[PDB]
Asker: 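I'd like to ask you about the structure that follows.
Positions are given from 1, in the same order as the sequence printed here. These numbers come from the heavy atoms of this one structure, side chains and all, not from hydrogens, waters or symmetry mates.
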Amino acid sequence: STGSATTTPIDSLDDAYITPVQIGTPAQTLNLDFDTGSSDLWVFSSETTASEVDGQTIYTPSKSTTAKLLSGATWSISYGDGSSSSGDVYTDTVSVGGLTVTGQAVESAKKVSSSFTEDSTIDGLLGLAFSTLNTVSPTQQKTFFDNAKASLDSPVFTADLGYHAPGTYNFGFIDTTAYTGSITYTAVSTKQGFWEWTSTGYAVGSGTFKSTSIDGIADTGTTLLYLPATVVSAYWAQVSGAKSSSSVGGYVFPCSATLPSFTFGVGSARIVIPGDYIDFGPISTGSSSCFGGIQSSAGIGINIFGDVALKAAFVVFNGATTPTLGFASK
């Protein structure tokens with residue numbers, strides 16, 4: 001089997017992407033944030049504290065003839081950005097782009113933090129990291145991909161995120177029309193539960209490539225590109241007037257700037273992030289200070305190849321017995 005679903009930016013900045021997901025019988029379609037940096041499929045629901053729901057579409061398990069309470073199971077998750085959610089668990093039928101999993105753990109939120117409430121466009125998350133990170137207790141649950149994998153034509157999924165445009169998540173096949181040139185595959189460590197890999201270096205604009213190993217995670221659920229302070233300083237030094245602002249929470253730059261591109265290495269291959277992808281717009285409405293899309297990972301504890309990086313590539317998440325990651329230009 002295979003599946004193919006369009007993923008759509010939630011706003012004009014590509015802050016996140018939503019993908020429609022069918023849950024239950026009859027289907028209840030929710031727009032979920034597919035997150036290769038976590039491993040829980042959770043939804044706003046009829047159980048979510050009413051004051052914490054503001055415009056989201058909810059899953060109502062009592063209206064699904066295939067929903068079953070997973071007795072005694074609870075979940076609770078905290079994300080890198082400080083947001084969180086928790087609740088109880090149902091199993092139900094879940095379909096993405098025509099690919100159906102029966103008995104998927106659907107984690108129903110009883111509580112969500114303010115950032116989730118305030119984002120009316122995201123109805124929940126669908127985790128695509130390794131199932132070892134799944135938070136369900138006392139019996140850990142499998143991700144949608146893990147459940148689907150054996151049925152798939154090939155044990156892979158691909159992320160093809162758009163810049164200010166829709167893109168695609170495919171399951172079970174590689175669309176050879178969706179990228180240019182060849183796909184370069186690179187080793188993955190699953191030791192921390194992430195799609196963790198090592199970039200071979202970087203360049204700023206038309207500058208020379210610096211060969212240096214940068215360990216990090218391919219994370220569709222993180223907006224920006226978070227890299228070591230040395231790398232980030234080298235980038236922003238090429239933008240007149242750019243500076244790190246403790247008050248704003250990262251590098252800012254004059255909105256009048258033309259940003260240079262940023263290149264990262266995948267083996268001997270190179271992925272080029274155009275400068276425009278690095279512009280996250282005014283820090284506040286009407287400001288002439290703009291927020292940068294490349295930020296320091298110092299104090300996160302890990303480098304993160306988030307959407308800014310991934311949307312410059314066609315990315316293969318190869319879930320074979322020994323997982324790997326593939327990157328192609330597009």
Side-chain angles (χ1 to χ4, degrees), residues 16 18-25 28-54 56-62 64 66-67 69-96 100-109 112-141 143-148 157 190 192-195 217 219-222 302 319:
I18 50 171
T19 309
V21 178
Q22 282 70 50
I23 309 175
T25 308
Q28 299 180 38
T29 299
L30 275 65
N31 296 327
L32 304 188
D33 184 352
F34 282 24
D35 181 13
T36 63
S38 69
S39 307
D40 288 50
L41 192 175
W42 74 261
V43 297
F44 278 79
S45 76
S46 56
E47 301 179 329
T48 311
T49 301
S51 65
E52 295 178 352
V53 183
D54 189 3
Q56 295 81 10
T57 295
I58 64 167
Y59 170 57
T60 303
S62 66
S64 174
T66 43
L69 179 73
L70 185 62
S71 183
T74 59
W75 62 280
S76 180
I77 192 163
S78 302
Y79 296 102
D81 69 352
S83 67
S84 64
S85 53
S86 62
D88 57 15
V89 187
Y90 293 82
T91 56
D92 209 340
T93 302
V94 172
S95 300
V96 176
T100 301
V101 169
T102 57
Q104 175 64 45
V106 177
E107 301 173 34
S108 169
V112 303
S113 63
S114 60
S115 176
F116 288 115
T117 299
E118 290 161 2
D119 186 358
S120 67
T121 72
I122 290 174
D123 302 325
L125 268 64
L126 189 149
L128 293 168
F130 293 88
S131 293
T132 53
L133 294 181
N134 176 267
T135 77
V136 177
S137 179
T139 307
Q140 190 172 61
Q141 301 294 305
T143 70
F144 175 81
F145 178 54
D146 205 344
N147 282 323
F157 68 91
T190 65
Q192 295 189 86
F194 300 122
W195 293 92
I217 66 167
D219 185 1
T220 59
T222 290
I302 199 159

Asker: What I'd like to find out is whether the side chain of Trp75 reaches to under 4.5 Å of the side chain of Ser85, using heavy atoms alone.
Answerer: yes
Asker: With a 3.5 Å distance limit and no angle check, can you tell me whether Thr93 reaches the backbone of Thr102 through a side-chain donor-acceptor pair?
Answerer: no
Asker: Tell me, do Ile18 and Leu32 make a side-chain contact under 4.5 Å, heavy atoms counted?
Answerer: no
Asker: Okay, side chain of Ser45, backbone of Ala109: is any donor-acceptor separation there less than 3.5 Å?
Answerer: yes
Asker: Run the side-chain hydrogen bond (donor to acceptor under 3.5 Å, both in side chains) test on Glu52 and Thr117 for me, step by step, so that the C-alpha distance in whole Å, both residues' side-chain angles and the decisive distance to 0.1 Å come before the verdict.
Answerer: CA-CA 5 Å; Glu52 295 178 352; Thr117 299; 5.4 Å; no
Asker: Any idea which heavy atoms bring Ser83 and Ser115 closest together, and the distance?
Answerer: CB-CB, 4.3 Å
Asker: Have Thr25 and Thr66 got a donor and an acceptor in their side chains that come within less than 3.5 Å?
Answerer: yes
Asker: Heavy atoms only: give me the nearest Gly103-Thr91 pair and the separation to one decimal.
Answerer: O-CG2, 3.9 Å
Asker: Under 3.5 Å, is there a donor-acceptor pair between the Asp35 and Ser38 side chains?
Answerer: yes
Asker: So, the side chain of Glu107 versus the backbone of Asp88: is there a donor-acceptor pair under 3.5 Å, distance only?
Answerer: no
Asker: Would you say the side chains of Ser120 and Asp54 form a donor-acceptor pair under 3.5 Å?
Answerer: no
Asker: Is it true that the side chains of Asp92 and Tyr59 contain a donor and an acceptor less than 3.5 Å apart?
Answerer: yes
Asker: Measure from the side-chain N and O atoms of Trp195 to the backbone N and O of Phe130, and report whether any donor-acceptor pair falls under 3.5 Å.
Answerer: no
Asker: Counting N and O atoms only, with roles assigned by atom type, does the side chain of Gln192 sit under 3.5 Å from a partner on the main chain of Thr190, one being a donor and the other an acceptor?
Answerer: no
Asker: Supply the atom-to-atom distance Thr48 OG1 to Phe116 CZ, rounded to the nearest 0.5 angstrom.
Answerer: 11.5 Å
Asker: What distance separates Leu128 CG from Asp33 CG, expressed to the nearest 0.5 Å?
Answerer: 10.0 Å
Asker: Taking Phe34's backbone N and O only, do any of them form a donor-acceptor pair with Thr220's side chain (distance below 3.5 Å, no angle check)?
Answerer: yes
Asker: Quick one: CZ on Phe194 to OG1 on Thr36, what's the gap to the nearest 0.5 Å?
Answerer: 10.0 Å
Asker: Going by the side-chain contact (heavy atoms from CB on, under 4.5 Å) test, name the single residue among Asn134, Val89, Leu125 that passes it with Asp40.
Answerer: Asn134
Asker: For the pair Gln141 (side chain) and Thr139 (backbone), establish whether a donor and an acceptor sit closer than 3.5 Å, ignoring hydrogens and angles.
Answerer: yes
Asker: Let me confirm one number: the CD1-OG1 distance from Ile217 to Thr222, rounded to the nearest 0.5 Å.
Answerer: 6.0 Å
Asker: Could you tell me the separation between the CG atom of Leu41 and the CD1 atom of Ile23, rounded to the nearest 0.5 Å?
Answerer: 6.0 Å
Asker: In a check of side-chain contact (heavy atoms from CB on, under 4.5 Å) between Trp42 and each of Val112, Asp123, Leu126, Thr135, which one passes?
Answerer: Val112
Asker: Taking atom OG1 of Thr57 and atom CZ of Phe44, what is their separation to the nearest 0.5 Å?
Answerer: 10.5 Å
Asker: Could you tell me whether the side chain of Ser86 and the main chain of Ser76 form a donor-acceptor pair under 3.5 Å?
Answerer: no
Asker: Please find the pair of heavy atoms, one from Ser131 and one from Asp146, that lie closest to each other, and give the distance.
Answerer: OG-OD2, 2.8 Å
Asker: If we ignore angles and hydrogens, is there a donor and acceptor under 3.5 Å between the side chains of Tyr90 and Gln104?
Answerer: no
Asker: Side chains of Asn31 and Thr121: closer than 4.5 Å at any heavy-atom pair?
Answerer: no
Asker: Are the side chain of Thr29 and the backbone N or O of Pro20 linked by a donor-acceptor pair below 3.5 Å?
Answerer: no
Asker: I'd like to check the side chain to side chain donor-acceptor pair (under 3.5 Å) partners of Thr100; sequence neighbours left out, ordered by chain and number.
Answerer: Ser95
